[PDB]
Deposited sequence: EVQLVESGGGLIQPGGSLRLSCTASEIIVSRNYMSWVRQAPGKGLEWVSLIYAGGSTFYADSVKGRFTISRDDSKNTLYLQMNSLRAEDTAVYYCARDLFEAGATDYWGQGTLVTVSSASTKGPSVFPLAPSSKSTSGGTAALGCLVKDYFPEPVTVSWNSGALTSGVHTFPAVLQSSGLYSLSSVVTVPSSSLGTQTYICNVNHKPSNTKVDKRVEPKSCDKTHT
């Protein structure tokens, strides 16, 4: 069962420090080219650091001097000490095994998300959007919630026809903003009642609102 499991990622403040780990099974880290590759949210892959089996370490220009890749031979774990973190360091970090000309990067970890921002945990503040008067569209706008994972359910999780949940965007402040919309027949808009449930698990908030013109 060859696998690579990352851990240690999570919320951190700008200028802080954070250490990632990558436990390996059936792959001996001390005998392999093991590298870290990060993917900025919505952006492409970017190589971060690489360690040789002999112990040579190589870093990307953007992370040179701040990052440090190491390993624990006894624990079969690969590390990445990330220091002086900036807002541009937010990404999903993958630990990977490199074979270069003998097979390239065959094995990747599941990835761990590292979020670097000064915003504190904050519950969502949803606001229904009036239909404003066929096939009238209605929805509720979720605004000013920092922790990204938010699930929106329409009518107690009993509506999937035209239910669209747009991905959250990082606005000028550290908080995020999400919008959910649904398409409903104009005749049914007046009679039927539609509500949306926003469940913010990290913030323990379940604000529910009713949308009616």
TODO: In sequence order, name the stretches of the deposited sequence that have no C-alpha in these coordinates.
DONE: 134 to 138, 219 to 226
